[PDB]
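>>> how would this look folded up:
(chains A, B, C, D and E)
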Amino acid sequence: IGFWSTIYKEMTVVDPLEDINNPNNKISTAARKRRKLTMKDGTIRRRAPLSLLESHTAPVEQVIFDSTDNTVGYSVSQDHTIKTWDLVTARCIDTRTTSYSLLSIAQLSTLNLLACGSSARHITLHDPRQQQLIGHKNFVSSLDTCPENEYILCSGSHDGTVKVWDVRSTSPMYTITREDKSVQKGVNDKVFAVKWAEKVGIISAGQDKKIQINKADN
Amino acid sequence: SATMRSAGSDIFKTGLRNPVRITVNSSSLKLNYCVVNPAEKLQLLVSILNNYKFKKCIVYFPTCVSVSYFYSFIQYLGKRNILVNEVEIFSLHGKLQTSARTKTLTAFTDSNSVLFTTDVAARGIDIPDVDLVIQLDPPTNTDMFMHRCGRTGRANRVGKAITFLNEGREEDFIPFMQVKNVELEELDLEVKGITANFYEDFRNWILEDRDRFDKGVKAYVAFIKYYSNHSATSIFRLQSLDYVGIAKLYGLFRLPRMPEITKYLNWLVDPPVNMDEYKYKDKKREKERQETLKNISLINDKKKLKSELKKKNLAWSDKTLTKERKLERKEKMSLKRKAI
Amino acid sequence: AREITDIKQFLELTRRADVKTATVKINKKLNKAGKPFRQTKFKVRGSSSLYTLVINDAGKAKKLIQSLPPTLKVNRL
RNA sequence: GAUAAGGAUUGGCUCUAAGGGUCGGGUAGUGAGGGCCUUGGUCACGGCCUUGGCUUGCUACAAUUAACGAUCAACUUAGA
RNA sequence: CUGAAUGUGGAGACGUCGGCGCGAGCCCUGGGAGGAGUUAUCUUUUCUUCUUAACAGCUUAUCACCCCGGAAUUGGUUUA
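Numbering: from 1, shown residues only, chains lettered A, B, ... in the order given. I have put the structure below:
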């Protein structure tokens, strides 16, 4: 995981030339040309991370900030784990092991839960100091939380259907499908991104090029 | 082929089945020759280039290294304005890259131009508007001679061919061509512009860069080898060859170590010049030369050990050492017994 | 006689009903590198042949020794 | 073992498949990107939105014998 | 990786001589590790041991044969 700054003046600068120019020990002409061909789109500013949070053993799928602390960094990876991070010291504090790989993570700090959608077609609820939502038929790729309701969260999955869930329940209360005549259910129909926008509703996007908007207001 | 009769019985090596030989026969061009001392030959070339009237002159050289070396030296002479004419000088030998050869040939074919070429351009190819052909030396084989001077005379055009002879066995080349039904009318050309300086100029231009010295000596040795592989052995004799004259022609100041030089015949410049102070003028190779100089004794000892091991591996070497022992003992005994 | 390379085949041979004893033979010998080593031959005879397993590794030979049945008489050398 | 020799100053013919890989060429004008500047409003030395002055792109003349140079990687005495 | 009557084929099973190639035993011989003899003088000296059976597993072939191809500028080739 990379810990980065919005203000680029606060990071050490990296010089692509310096690797092959300052030592210049045994770099071949082919290597030099290959390195030079990576800077044809002008000389754009380049920066190094503030820190590297490295404890996972498999690729990391999502990382989020704590909705209150802004120092706690819950993340999910493919090594079956949810890891919380101390951003000040840049280390893992606590680790929870799940039975299947995790693909999406969302936080409900107003009722203190973590919803992690896994590759096992279900969303696990964890207490970051229990219940699982089922009904999806493929990888759960993205999650989001309703801004006005405290118990409602949306989930998108690779089966082309978005689903809205109440935390207290265990079954979907509405199942949004992609409204398109040219879309096929299993050929090109996936949801890679879903968003709960407090002013327009539910935004869905994926394998179909269309960006879909659904009301999702009471 | 324009000389298909020469390949007499070798045509059946091709595998002819039902063959029919065809012979087609018809002063278009002039065939001259000059008998001059070799050390003047290049100067004579210059005296032809800046005086004769031509649109294209093709000058033939024996070897490729000679083509490059003399091309560079003539360019240097033209820098000093030794020859003053609207002449553009090109070099084209067959060891170049193919693209360079094509570009040079298409530039020459396309305003008064001189070409320094080996036998690559002698046969087949036709450059229009070629007026003069010079053969700085007669070819290694005489069959190609008719091709080398054959680039001119198309449609009975007024073109001249000139050849140069070494003054020693020149009495044999003309009758040899006459028997082959070729008449060479002797031409007398004055050696203009040489009193004393030309060889001095060549020598002092060689002293500037050791690469020039290397190219000159390499070209001279290559010509000696080329002369070794000569048909009509009686006409072109290695013994009668003017080794000093040829070396003077190339601007050299020392005869390269050859079996020919040792047997059939040193410092041409009477005050000798040492190679230690001779600078290669090229930065990458200067340090290599200095390193080799600092490793003179080590390489000398490597060669000494190689020589000793060759001595021990020769035919019945132990017996040869025994015989040398006996001869040395008897001779050193007689060296005192006769005196006493 | 016969030579075998499979260790479990040797163990299966030593586990048969009609087995008398097994011989363990030690040889000190040189390898192609010149370093001496200890080679263990485990010999047991089946119905009509004598099967020999040659092991040039001390640890593998020790594990095979430990894996022999406790009711099998073992002849050292 | 080819290639004219094998104590010496080794460099050795013409044409004809390949001879380890890779990279590299000027002088001028204007567009781009970086760097040092600087000027206003804005939020408690640091941001946010704005103002004027080493890399590469496009055109115009020389060079096209780069037939040059640079770098990486390989290699040792066949004599009894 | 079934095979009756019936009909065939192979091994058993076959003259003598010549040179060439290959293997084994014997002979010759270098180093080293032991033992014995001679030694007025010389002699790294003289003698002797340094072995691997039937059987079993892996691997190993001249000849012969198969496939492509189509040859005089006649090639290949044996001690013959």
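>>> what ranges do the strands span in chain C?
According to DSSP state E, chain C carries its strands in the segments C:2-4, C:21-30, C:36-45, C:50-55, C:73-76.
>>> Does the third one reach RNA strand E?
No. Residues of strand C:36-45 are not located near RNA strand E by Cβ under 7 Å from any atom of the strand, the shortest gap being 12.9 Å. Quick note: C-beta positions are derived from backbone N, CA and C, even for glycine.
>>> Next, the angle from that strand to strand C:50-55.
Relative orientation of strand C:36-45 and strand C:50-55, computed by axes from the mean of the first three to the mean of the last three Cα atoms, to 10 degrees: 150 degrees.
>>> By residue count, what's the longest helix in chain A?
With DSSP state H applied, the helix covering the greatest number of residues in chain A is identified as helix A:29-36.
>>> Downstream of that helix, the next helix or strand is which one?
Scanning the chain past helix A:29-36 towards its C-terminal end, the next helix or strand to appear is strand A:51-52 (assignment: DSSP states H and E).
>>> Please state the offset of that next one from the chain centre?
18 Å (Cα atoms, centre = their mean, to the nearest Å).
>>> That strand - which strands sit beside it in the sheet, and in what orientation?
Strand A:51-52 has the following strand partners under DSSP bridges: strand A:2-3 (antiparallel).
>>> in the next helix or strand after the strand it pairs with, what's buried?
Counting by DSSP H and E, the next helix or strand C-terminal to strand A:2-3 is helix A:16-21. Neighbour-count burial for helix A:16-21 flags residue A:20 (criterion: 16 or more other Cβ atoms under 10 Å in any protein chain shown).
>>> when you scan helix A:16-21, is anything in it near RNA strand D?
No. Judged by Cβ under 7 Å from any atom of the strand, helix A:16-21 stays clear of RNA strand D, getting no closer than 8.0 Å.
>>> Which strands or helices does that helix pack on?
Secondary structure elements in contact with helix A:16-21, counted by 3 or more Cβ pairs under 8 Å, 6 or more residues apart in numbering or on different chains; DSSP states H and E, are helix A:29-36.
>>> Can you classify the most centrally placed residue in chain A by secondary structure?
For chain A, the residue sitting closest to the mean C-alpha position, by Cα atoms, centre = their mean, is residue A:62 at 3.2 Å. Reduced to three states with DSSP: H, G, I helix; E, B strand; the rest coil, the structure at residue A:62 is strand.
>>> for residue B:13, same thing?
Per three-state DSSP, the secondary structure class of residue B:13 is helix.
>>> residues in contact with the residue nearest to the spatial centre of chain C?
Central residue check for chain C by Cα atoms, centre = their mean: the C-alpha nearest the mean position is that of residue C:42, 1.5 Å away. By Cβ atoms under 8 Å, 6 or more residues apart in numbering or on different chains, residue C:42 lies in contact with C:10, C:22-24, C:52-53, C:55, C:61, C:64.
>>> which ones are touching residue B:137?
Shown here is residue B:137, whose contacts under the criterion Cβ under 8 Å, 6+ apart are B:60-62, B:164.
>>> one step back: now do the longest helix of chain A: which elements does it pack against?
Secondary structure elements in contact with helix A:29-36, counted by 3+ Cβ pairs under 8 Å, 6+ apart, are helix A:16-21.
>>> Give me the residues contacting the helix it packs on.
Contacting residues not belonging to helix A:16-21 are listed as A:27, A:31-32, A:35, A:38-39, A:46 [Cβ under 8 Å, 6+ apart].
>>> Kindly recompute the last result at 10 Å.
Residues from elsewhere that reach helix A:16-21 (Cβ atoms under 10 Å, 6 or more residues apart in numbering or on different chains): A:15, A:27-28, A:31-32, A:34-36, A:38-39, A:43, A:46.
>>> which among those are in contact with RNA strand D?
Contacts with RNA strand D within these, as defined by Cβ under 7 Å from any atom of the strand: A:27-28, A:32, A:39, A:43.
>>> Show me the two of those residues that sit farthest apart.
The largest distance within these, taken as Cβ to Cβ, falls between A:28 and A:43 and amounts to 23.5 Å.
>>> Identify the residue nearest residue A:57 in space, chain neighbours excluded?
If the residues on either side of it in the chain are set aside, residue A:57 comes closest to residue A:79, at 4.4 Å by Cβ to Cβ, 6 or more residues apart in numbering or on different chains.
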